[PDB]
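Single-letter residue listing:
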Amino acid sequence: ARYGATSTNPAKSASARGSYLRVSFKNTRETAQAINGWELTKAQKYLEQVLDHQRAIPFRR
Amino acid sequence: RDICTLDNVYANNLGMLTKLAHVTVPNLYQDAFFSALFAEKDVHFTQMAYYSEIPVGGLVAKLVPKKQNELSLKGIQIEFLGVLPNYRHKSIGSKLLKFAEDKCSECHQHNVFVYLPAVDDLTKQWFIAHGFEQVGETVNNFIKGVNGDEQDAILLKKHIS
Amino acid sequence: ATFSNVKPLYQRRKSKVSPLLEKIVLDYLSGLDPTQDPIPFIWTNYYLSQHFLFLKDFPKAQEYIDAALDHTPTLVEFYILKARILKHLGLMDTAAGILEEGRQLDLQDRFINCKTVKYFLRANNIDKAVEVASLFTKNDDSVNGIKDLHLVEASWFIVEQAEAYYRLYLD
RNA sequence: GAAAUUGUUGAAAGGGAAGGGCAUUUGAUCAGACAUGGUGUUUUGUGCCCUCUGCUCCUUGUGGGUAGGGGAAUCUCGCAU
């Protein structure tokens, strides 16, 4: 199990899992790179505007 | 029981011990010397002599286990011996010296040395009357005061059987 | 508690009983000795200081308490009486200083700590009083012990601190 | 439980390739070096340093293992120093 390369205190860092998901690698990786760098209270509100067609998710690679 | 009792000096009442140095021999000790006694590498022995449930005597000594880099004085070093002038002529100092000799004998030692001022004759005769021996004469510049006063000191030794 | 043993009587008698008591105490002290009987000597000095403090006397009481401190400076009651005399003479800061110095001699009693905190609150000194009180209190989710003092259901501390706040606001 | 392979962190790079030979600036990384071997002097704690020498076993020549003391200003015979 475990995770990846972390650089913080694991004592106060919560995380989940939920394996076996039939989605899409190109979409999951892109939305993970897009949601990274923002706060939780902002990420919970940014996802509500995607279904309303206001701020789309661009692509990089 | 007897009116003269003995007690082990704790830390909470340690502030009382520092007061003794201010009502016995002023201009000799400081505050860090008493604060570093129970600050959690020399062995320190503390004793408080009560007279009718009243703190009247204090004894603070240090044990020196070294003998390689020392001439001949390994034993209990009687540092602080505070006895109020109003609480004398009642074998209080005798009981303190007996307790010191007992603690010296229990620590596998057979020598007790003490330092005394050179400008005091009554205390010198009182300590000699118990059974001490003077080591040589005086020591040039040994006692350091609070403001910066310096004077000579004498050494009194005793062999414990 | 010798003075306490004659505390209510002094509230009902005066010029008829107190002179005889003072004469008896003086006659008993004139036959004592500062070395043979030190305990009766210091207790007689304390009783005389209490009796003179009750009779609106202050210089002689200070002289007696100073003689008692010079004879045996290992009693908290002497420092408490000195602080009380200095408070009655309008010297709150000096009384607080002497009582803190005496309390630092033995840090295990809570009554002396409460008295010191109260006298510091009466001396327009609130920060130092709180810092002194924040010792025996439970320190968990707070930097001091104000929450602990409020959880142990206090009253006198709050009353004495609010009076100091009111005095500082009126100044 | 290794590989092509995508994912995050950390470092480099860029004007139609990257990769490499001879050599190097820069970043990251790394053992070796005897900066620990000895001579001889000053030092103390001290031991098998003077010593009360004991208990126990092979046999000369000067006898092997086991432990509590008196002074440490003799001695560098020993380790740190």
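Residues numbered from 1 in each chain as written, not as in the entry; some residues may be left out. Chains lettered and ligands numbered in written order. Part of a larger assembly, values for the part shown. Heavy atoms only, no water. Residues with missing side-chain atoms left out of burial classes, pairs and counts.

As recorded in the PDB header, cryo-EM is the method behind this entry, and the stated resolution is 3.4 Å.

The PDB entry lists chain C under the name N-terminal acetyltransferase A complex subunit NAT1, with Saccharomyces cerevisiae given as the organism. For this structure, the PDB header gives the title as "Cryo-EM structure of the ribosome-NatA complex".

Per the PDB entry, chain A is named 60S ribosomal protein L17-A, and its organism is Saccharomyces cerevisiae.

Colleague: Now, about the overall build of chain C: what can you tell me, with residues and values included?
Modeller: Looking only at helices and strands, chain C has 11 helices and zero strands in total. In sequence order, chain C lays out its α and β elements as α-α-α-α-α-α-α-α-α-α-α. Here the contacts in chain C between residues at least 6 apart in sequence split such that 48% fall between residues at least 24 apart. Between the centroid of the 20 positive side chains of chain C and the centroid of its 23 negative side chains there is a distance of 10 Å. (Helix = DSSP H or I, 4+ residues; strand = E, 2+ residues; numbered from the N terminus. Contact = heavy atoms within 4.5 Å. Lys, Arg positive; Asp, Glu negative; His and termini not counted. Charge placed at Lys NZ, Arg CZ, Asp CG, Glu CD.)

Colleague: Give a detailed account of a nonpolar patch on the surface, specifying residues and quantitative values.
Modeller: There is a patch of nonpolar side chains on the surface, built from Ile35, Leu47, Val50 and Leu51 of chain A and spanning about 360 Å² of accessible area. Structurally, the position occupied by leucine 51 of chain A is in the segment after α2 (40-46). (Patch = residues over 30% accessible without salt bridge, like charges linked within 9 Å, V, L, I, M, F, W, Y side chains within 5 Å. Areas by Shrake-Rupley, 256 points an atom, 1.4 Å probe, with all protein chains shown as cover. Salt bridge = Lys/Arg side-chain N within 4 Å of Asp/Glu carboxyl O.)

Colleague: How would you summarise the packing of helix α3 (residues 18-29) of chain C against helix α4 (residues 38-54) of chain C if you had to cite specific residues and measurements?
Modeller: Residue and element names in this part refer to chain C. Orientation of α3 relative to α4, taken along the N-to-C sense of each, is 155°, at an axis distance of 11 Å. Regarding the angle of α3 to α4, the classification is roughly antiparallel. Crossing geometry of α3 relative to α4 is assigned as left-handed. Here α3 contributes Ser18, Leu21, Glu22, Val25, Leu26, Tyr28 and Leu29 to the contact with α4, which in turn contributes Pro40, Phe41, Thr44, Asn45, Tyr47, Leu48, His51 and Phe52. Partitioned by chemical class, the residues of the contact of α3 with α4 number 10 nonpolar, four polar and one charged. (Axes fitted to C-alpha atoms, helices over the stretch in contact; angles between N-to-C directions. Parallel < 35°, antiparallel > 145°, perpendicular 65-115°, else oblique. Left-handed = near helix turned anticlockwise from the far one by under 90°. Nonpolar A, V, L, I, M, F, W, Y, C, P; charged D, E, K, R; others polar.)

Colleague: Explain the protein's contact with RNA strand D to me, and be specific about the residues and the numbers.
Modeller: Near RNA strand D you find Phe25, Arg29, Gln33 and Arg61 of chain A together with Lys67, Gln68, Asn69 and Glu70 of chain B, and these make up its full shell. Backbone atoms, meaning sugar and phosphate, make up 95% of the atoms of RNA strand D lying within 4 Å of the protein. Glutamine 33 of chain A has a polar side-chain atom sitting 2.6 Å from a phosphate oxygen of RNA strand D. Between RNA strand D and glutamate 70 of chain B, the relevant distance is 2.9 Å, taken from a phosphate oxygen to a main-chain nitrogen or oxygen of the residue. When its residues are assigned to classes, the surface near RNA strand D shows one nonpolar, three polar and four charged. (Near = heavy atom within 4 Å. Polar contact = N/O pair within 3.5 Å; in protein donor to acceptor, adjacent residues only side chain to side chain.)

Colleague: So what about the interface of chain C and chain B? Which residues, and what values?
Modeller: Contacts between the two partners involve 17 residues from chain C and, on the opposite side, 15 residues from chain B. Of the roughly 1,400 Å² buried between chain C and chain B, counting both surfaces, carbon and sulfur atoms make up 62%. Of all residues in chain C, the largest losses of buried area upon contact with chain B belong to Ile39, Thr74 and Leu105 of chain C, amounting jointly to 38% of the total for that side. Where chain C packs against chain B, one counts zero salt bridges. Where chain C packs against chain B, one counts seven residue pairs in polar contact. At the level of secondary structure, the elements contributing two or more residues to the side of chain C that touches chain B comprise α4 and α5 (59-71) of chain C. Residue contributions to the side of chain C that touches chain B peak at three residues, all from α4 of chain C. (Buried area = accessible area lost by both parts, 1.4 Å probe.)

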